[PDB]
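Colleague: quick one, structure for this:
(5 chains)
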Amino acid sequence: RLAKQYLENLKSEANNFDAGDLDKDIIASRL
Amino acid sequence: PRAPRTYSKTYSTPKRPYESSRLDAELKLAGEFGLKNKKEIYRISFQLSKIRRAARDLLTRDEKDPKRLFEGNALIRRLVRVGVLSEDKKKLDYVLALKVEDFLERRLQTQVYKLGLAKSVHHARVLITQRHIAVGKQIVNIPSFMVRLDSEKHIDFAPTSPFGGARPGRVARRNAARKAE
Amino acid sequence: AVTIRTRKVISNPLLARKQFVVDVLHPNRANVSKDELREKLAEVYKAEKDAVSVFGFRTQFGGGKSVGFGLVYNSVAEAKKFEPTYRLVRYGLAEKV
Amino acid sequence: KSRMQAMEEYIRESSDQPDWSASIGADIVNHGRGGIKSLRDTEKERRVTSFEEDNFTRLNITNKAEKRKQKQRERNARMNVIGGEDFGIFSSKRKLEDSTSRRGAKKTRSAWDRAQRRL
RNA sequence: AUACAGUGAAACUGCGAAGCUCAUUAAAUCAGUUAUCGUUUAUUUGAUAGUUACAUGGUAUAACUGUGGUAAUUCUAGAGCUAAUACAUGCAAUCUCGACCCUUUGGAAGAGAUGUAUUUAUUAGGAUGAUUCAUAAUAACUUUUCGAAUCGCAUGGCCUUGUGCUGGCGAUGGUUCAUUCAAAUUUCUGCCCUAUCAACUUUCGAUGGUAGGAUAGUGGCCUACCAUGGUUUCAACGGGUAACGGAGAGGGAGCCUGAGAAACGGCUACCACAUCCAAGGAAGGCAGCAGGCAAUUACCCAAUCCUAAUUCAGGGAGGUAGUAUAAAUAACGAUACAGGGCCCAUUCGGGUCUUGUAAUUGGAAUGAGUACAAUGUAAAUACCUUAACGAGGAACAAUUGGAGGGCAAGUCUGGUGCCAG
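Modeller: Residues are numbered from 1 along each chain as shown, chains lettered A, B, ... in the order given. The relevant structure is shown in the block below.
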């Protein structure tokens, strides 16, 4: 229980796409 | 300028350095483990005191507390990874039962003596300081290196060392050269 | 026997070259020189020596391995045109001012 | 800031997913003069390498920023790590309960919130 | 290259020049925010001007040549040249209403109309919530603005062979608007104690109105008249403070440039300092800086950035270098020779066994040093790595303090031989 509440607390602390992934794709295409 | 730094001492002078029981205690600990000075004994006593103080503080807390449970189990997991506590003493009271001799037994020079690689504790220290001992693949010349179990079995002689398969040292090749000449 | 491993081979057309990570295994020896590594890299990539750059090689602790980063330009003229002046001076392609 | 080291090892034993352990000898910092590299500091260095690989150039450390990133990071070691596992987080005092507590707005506040949770 | 044509000193133009040391201040600093329909704005970006000429002058001189004065300076006069993106001057079109309804795209008689900038007056009035806002027109005004007499590369399409007409890519310039870089005012909010700080303000404007002066501009910012107002026991005003928790460049005054300064620039007058001189004058801001109660130096624009007629040149911005912690001083065998080693006990003595060498001897390991290299890096130092050599007194010779001895044909002193100190 205490571990789960921490994970839920962590998830609270922490259209879909990633800016780095777009960069990585250009890097990969260049690769 | 920019922010200063926190550093601290790894040891503390004893409350009374001069009681005879203490003196011969360092005497036999040094002699059996082959240390350089009493500075290492004050070092090791310092962390053993810290560990036992933490364990006592965790004992004072009631059973099943988040504090006591989390931090006590973390004391003991790490104390078993270091090999000091065996798997069957997975309890904090047995942390309170600990002594300096176990830590000293975990010091690498003990293992180098102990496995049969060296015939005297001082010979083990010489071999370590002389680039002949490798924990796995990596060369260590610090006798105060403490060994883990997985690291305990991986203590061998160096690939570069003359005894581990490299060429003979300077003395041997020099003697051979003068013998040939 | 030296072994030269090239990874993350990213073709950079805009500077007109190929950039990559060079891992050098040199057991029982000190390390591999940059002229030495450039010779091997240009031999591998079928390119002129002047078009190859190598730098930033750090030997991993314990010895026997080093990691640096390298470039192979599409032409020697492009290498002279894009490379730093100091790196050109290192390889002799430019004279120190 | 919220992360408390002692908690995440419980995730490790309870994750049931492997941990990617490194070599025995590859972990020691410098011939043993610096003890075994702690788990956290191995997590910091790989950020440098994973950072270093993409940038294509190494990162030098400024003479100033140098003077607060090695000693105490290798003296916390000499104070706190004895064998690549840290003995320091305990002499420190922290309110881990806030990190465990479901302090978020989504918290049991009335009898109906907890009853909905039990559903 | 018969104008020159590459490079190019000097000079004229263009652009930019915007760390230290003292004091100290309670939401007047600063932070957040709002507005500028109240405003200036280099530069960037995008738009934007049909209203002698096959090219005018010195109304022009530097650099340059030559003649001299002076103790002398980034001190000087005379004479003689020559240029501009410097200085002054300056030059057979288009669009409408459109009969004829001729042909029914269409031609077309005639009637007409036709910069920009400042100021004033007047008329009309797509945008925002809101305007006298944008914009347009009329009548005048202006020390009436601007509307390419500029430069590099290439030599295409035509023909009416004349070097005839017509032209491609750029640079540098120019009006206005917007944009951007900023700036200046500006709304509301923002943890000290305070009454043993109760009135403060009009104290050469204090609150507001009207008109003017200044101002990129609003505005008592200033000026002329007018009314006595404005904050405050809801803490005005005043005081203290761990409010480092804003000023000048020898000191005050005035002025000059620029988009941006009342400039760490320059000029003038004073007030002092102080240098040199042929004592006739000239010049300085060091009245600095850095130190002690003593080596701040050497190498660079590469790395991140910054300014320019700019890729290239530069930046004491910036970077590089210089000057309490873990190890070692040794590890391992063999032989010979000896009988003693030690513990405890005021006391007497008792307890216990492989011990001593101030002996000889053998083969191994390696670190400091001596250092060939590569790497490293703007270069270089350094780091990492790495050939050869490197130990028996391993003299490749760490220290500090304490406790006891003992020795002479030796010295001194006291006593009851040969003692005692």
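Colleague: quick check: residues of chain A near chain B?
Modeller: residue A:2 (C-beta under 8 Å from any C-beta of the partner chain). C-beta: built from backbone N, CA, C; applies to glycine.
Colleague: which residue packs closest to the closest residue to chain B within chain A, ignoring adjacent ones?
Modeller: Going by C-beta to the nearest C-beta, chain B is nearest to residue A:2 of chain A, at 6.1 Å. The spatially closest residue to residue A:2, leaving aside those adjacent along the chain, is residue D:100, at 4.8 Å (C-beta to C-beta, 6 or more residues apart in numbering or on different chains).
Colleague: contacts only, for that neighbour.
Modeller: A:2, A:5-6, A:9, B:66, D:7 (C-beta atoms under 8 Å, 6 or more residues apart in numbering or on different chains).
Colleague: could you redo the last one with a cut-off of 6 Å?
Modeller: A:2, A:5-6 (C-beta atoms under 6 Å, 6 or more residues apart in numbering or on different chains).
Colleague: make JSON lines out of those residues and add neighbour count and secondary structure.
Modeller: JSON lines is the format used below for the contacts of residue D:100 (neighbours: other C-beta atoms under 10 Å in any protein chain shown; DSSP: H, G, I helix; E, B strand; the rest coil):
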{"residue": "A:2", "neighbour count": "16", "secondary structure": "helix"}
{"residue": "A:5", "neighbour count": "17", "secondary structure": "helix"}
{"residue": "A:6", "neighbour count": "23", "secondary structure": "helix"}
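Colleague: three-state assignment of the residue nearest to the spatial centre of chain D?
Modeller: Chain D has residue D:40 as the residue nearest its centroid, 4.1 Å off, counting by C-alpha atoms, centre = their mean. Applying DSSP: H, G, I helix; E, B strand; the rest coil to residue D:40 yields a three-state assignment of helix.
Colleague: what's the answer for the one 10 residues further on, then?
Modeller: Of the three states, residue D:50 takes helix under three-state DSSP.
Colleague: what's around it, how many residues?
Modeller: 9 (other C-beta atoms under 10 Å in any protein chain shown).
Colleague: from chain B, how far out is it?
Modeller: 23 Å (C-beta to the nearest C-beta, to the nearest Å).
Colleague: quick one on the thing from earlier: for the residue nearest to the centre of chain D, which non-adjacent residue is closest in space?
Modeller: residue D:5 (7.2 Å).
Colleague: ditto for residue B:82
Modeller: residue D:83 (5.1 Å).
Colleague: find the closest residue to chain A in chain B.
Modeller: For chain B, C-beta to the nearest C-beta, closest residue to chain A: residue B:66, 6.1 Å.
Colleague: how many neighbours does that residue have?
Modeller: Residue B:66, neighbours per other C-beta under 10 Å, totals 14.
Colleague: for stretch D:44-52, buried residues please.
Modeller: Residues of stretch D:44-52 classed as buried: residue D:52 (neighbour count, 16 or more other C-beta atoms under 10 Å in any protein chain shown).
Colleague: so which residue is smack in the middle of the chain?
Modeller: No chain in the question, so chain A it is. What sits nearest the mean C-alpha location of chain A, by C-alpha atoms, centre = their mean, is residue A:18, with 8.0 Å.
Colleague: what is the longest helix along chain C packed up against?
Modeller: Longest helix in chain C, counting residues (DSSP state H): helix C:34-45. Packed against helix C:34-45, as judged by 3 or more C-beta pairs under 6 Å, 6 or more residues apart in numbering or on different chains; DSSP states H and E, are the following elements: strand C:52-59.
Colleague: and the strand it packs on with RNA strand E, contact?
Modeller: Yes - using C-beta under 7 Å from any atom of the strand, strand C:52-59 comes into contact with RNA strand E via C:54-57, C:59.
Colleague: in which helix or strand does residue D:7 reside?
Modeller: helix D:5-15 (DSSP states H and E).
Colleague: for that helix, which positions count as buried?
Modeller: Neighbour-count burial for helix D:5-15 [16+ other C-beta under 10 Å]: D:6-7, D:9-10.
Colleague: need those residues in a markdown table (columns: distance to residue D:46).
Modeller: Formatted as a markdown table, the buried residues of helix D:5-15 follow (distance: C-beta to C-beta, whole Å):
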| residue | distance to residue D:46 |
| --- | --- |
| D:6 | 22 |
| D:7 | 21 |
| D:9 | 18 |
| D:10 | 22 |
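Colleague: turn those residues into CSV, including distance to chain C.
Modeller: What follows is the buried residues of helix D:5-15, written out as CSV (distance: C-beta to the nearest C-beta, whole Å):
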residue, distance to chain C
D:6, 30
D:7, 32
D:9, 27
D:10, 32
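Colleague: just the residues you listed now: which is nearest residue C:10?
Modeller: Among the buried residues of helix D:5-15, residue D:9 lies closest to residue C:10 (C-beta to C-beta), at 37.8 Å.
Colleague: any chance you could list what contacts stretch B:87-107?
Modeller: B:33, B:44-45, B:48, B:52, B:55, B:72, B:75-76, B:83-84, B:144, B:146-147.
Colleague: kindly report the same for stretch C:51-62.
Modeller: Against stretch C:51-62 from outside (C-beta under 6 Å, 6+ apart): B:138, C:31, C:34, C:37-38, C:41-42, C:66, C:68-73, C:76, C:79, C:87, D:58.
Colleague: of those residues, buried ones?
Modeller: B:138, C:34, C:37-38, C:41-42, C:66, C:68-73, C:79, C:87, D:58.
Colleague: contact partners of stretch D:74-90?
Modeller: B:7-8, B:10, B:54, B:71, B:78, B:81-82, B:146, D:5, D:34-36, D:38.
Colleague: of these, just the buried ones, PyMOL syntax please.
Modeller: Those of the contacts of stretch D:74-90 that count as buried under 16+ other C-beta under 10 Å are selected in PyMOL with:
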select buried, (chain B and resi 10+54+71+78+82+146) or (chain D and resi 34+35+36+38)
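Colleague: all helices for the chain, in order.
Modeller: If you meant another chain, say so; for now it's chain A. A:2-13, A:19-30.
Colleague: nope, chain B please
Modeller: Using DSSP H, helices in chain B cover B:20-33, B:39-60, B:66-81, B:93-96, B:100-106, B:108-114, B:121-129, B:149-153, B:170-180.
Colleague: which of these is buried the deepest?
Modeller: helix B:108-114 (a mean of 23; mean count of other C-beta atoms under 10 Å in any protein chain shown).
Colleague: so how far is that one off the chain centroid?
Modeller: Computed by C-alpha atoms, centre = their mean, to the nearest Å, the chain-centroid distance of helix B:108-114 equals 9 Å.
Colleague: pull the CA atoms of that helix into CSV?
Modeller: Output of helix B:108-114 as CSV, limited to C-alpha atoms (Å, rounded to 0.1, in the frame of the first residue of the first chain):
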residue,chain,number,x,y,z
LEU,B,108,40.4,-7.1,0.6
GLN,B,109,43.9,-7.9,2.1
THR,B,110,42.1,-10.4,4.3
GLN,B,111,40.7,-12.1,1.3
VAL,B,112,44.0,-12.1,-0.6
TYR,B,113,45.7,-13.8,2.4
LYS,B,114,42.7,-15.9,3.0
